[PDB]
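Asker: Can you look at this? It's an experimental structure, sequence on top.
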Amino acid sequence: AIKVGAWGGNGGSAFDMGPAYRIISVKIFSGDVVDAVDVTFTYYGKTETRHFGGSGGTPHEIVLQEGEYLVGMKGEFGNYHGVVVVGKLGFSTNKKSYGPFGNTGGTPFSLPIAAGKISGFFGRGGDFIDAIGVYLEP
Amino acid sequence: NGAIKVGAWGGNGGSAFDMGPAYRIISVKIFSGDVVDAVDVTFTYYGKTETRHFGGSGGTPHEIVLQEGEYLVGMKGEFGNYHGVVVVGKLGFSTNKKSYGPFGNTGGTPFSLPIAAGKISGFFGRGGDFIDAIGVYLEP
Ligand SMILES: [Zn+2]
């Protein structure tokens, strides 16, 4: 299985949501900085939820359809009052293109998947979403 | 043909190239000056061992020799406007042993691909006078 990343800092303890059969929705909580993310997905028969990061920020739901896939991830990670975190996080599907969300510029990164799909998340979480990473599969 | 391709980072100018996946990247040669001109990639395809010639002519050659059991596990660089043309201006690779580059002297909007689990098995992207964009095939 393929993992790229993670982009960001080192704060907090790690997470590894593992590959899903299909991502159903990603909800991104952001303010100044990207606080957190919610991923709902099917998993070997079971509809399953995980939350990544801390509380608060305004949420924005990315809802994935039948044909709709996570095909790209762009964001900027910077240093926010003493802590290196995801300042802006954005996603794109084969149908639309979301965000990015968050108001703290920094060192950017883009991950455009020309062939394949994002199907997982592994990273590090704190009071804000410290660093995010992706499981890739075709 | 269950391929994972991520990229390409850079411009939109210039003709496309795609070396597919390989069985074994043998050696990569980056041609660079101010910018990244080019990349020569030698690899074993199926039976035979070709080398493909992507990018331009100029700059100095840079030869990343690979040992048996050394894999490309990371690519980073920057891309920017260089004489009215957006090309990759920096580029750097890192294997499970050593970490090569960066080559080229021009800076711009940066990119990074740290591979936590997996490896680089072939390039795609766009060429011309310099390399405008470079992409990459992934496999575990
Ligand atoms: Zn050549």
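Answerer: That came through fine. Numbering: from 1, shown residues only, chains lettered A, B, ... in the order given.
Asker: Could you pick out the residues of chain A near chain B for me?
Answerer: For chain A, the residues in contact with chain B (Cβ under 8 Å from any Cβ of the partner chain) are A:1-7, A:107-116, A:122, A:133, A:136-138. C-beta coordinates here come from the backbone N, C-alpha and C atoms, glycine included.
Asker: count of neighbours near residue A:32?
Answerer: Using other Cβ atoms under 10 Å in any protein chain shown, residue A:32 has 14 other residues around it.
Asker: and if you look at residue A:55?
Answerer: Neighbours of residue A:55 using other Cβ under 10 Å come to 9.
Asker: From the ion, how far off is residue A:72?
Answerer: Residue A:72 sits 32 Å away from the ion, going by Cβ to the ion, to the nearest Å.
Asker: So in terms of bridging, what pairs with that residue?
Answerer: residue A:92, residue A:112 (DSSP bridges).
Asker: Pretty sure it sits against residue A:92.
Answerer: Yes: at 4.0 Å, residue A:72 counts as touching residue A:92 under the criterion of Cβ atoms under 8 Å.
Asker: Tell me where chain A has strands.
Answerer: For chain A, strands defined by DSSP state E occupy the ranges A:2-8, A:13-16, A:22-30, A:34-43, A:46-53, A:58-63, A:70-80, A:83-93, A:97-101, A:107-115, A:117-125, A:129-137.
Asker: Now tabulate the ones you listed in a markdown table and tack on mean neighbour count.
Answerer: Shown next, in a markdown table, are the strands of chain A (neighbours: other Cβ atoms under 10 Å in any protein chain shown):
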| stretch | mean neighbour count |
| --- | --- |
| strand A:2-8 | 23 |
| strand A:13-16 | 14 |
| strand A:22-30 | 20 |
| strand A:34-43 | 21 |
| strand A:46-53 | 15 |
| strand A:58-63 | 14 |
| strand A:70-80 | 21 |
| strand A:83-93 | 23 |
| strand A:97-101 | 18 |
| strand A:107-115 | 19 |
| strand A:117-125 | 22 |
| strand A:129-137 | 24 |
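Asker: which residues sit in contact with the residue sitting furthest away from the middle of chain A?
Answerer: Within chain A, residue A:45 marks the point farthest from the mean C-alpha position, 23.0 Å out by Cα atoms, centre = their mean. Not one residue lies near residue A:45 by Cβ atoms under 8 Å, 6 or more residues apart in numbering or on different chains.
Asker: In chain A, which residue sits closest to the ion?
Answerer: residue A:114 (24.2 Å; Cβ to the ion).
Asker: Skip the chain neighbours and tell me the closest residue to that residue.
Answerer: residue B:5 (4.4 Å; Cβ to Cβ, 6 or more residues apart in numbering or on different chains).
Asker: So residue A:65 is in contact with residue A:25, correct?
Answerer: No: contact criterion Cβ under 8 Å: residue A:65 and residue A:25 do not qualify, at 10.4 Å.
Asker: any idea how far residue A:9 is from chain B?
Answerer: 13 Å (Cβ to the nearest Cβ, to the nearest Å).
Asker: How far does stretch A:66-74 stretch from one end to the other?
Answerer: From the first residue to the last, stretch A:66-74 extends over 23 Å; the measure is Cα to Cα, to the nearest Å.
Asker: hang on, the earlier thing: list the contacts for the residue of chain A closest to the ion?
Answerer: Residue A:114 touches B:5-8, B:124, B:135, counting by Cβ under 8 Å, 6+ apart.
Asker: from those residues, which two are the most distant?
Answerer: Of all pairs drawn from the contacts of residue A:114, the greatest distance, 9.8 Å, lies between B:6 and B:124 (Cβ to Cβ).
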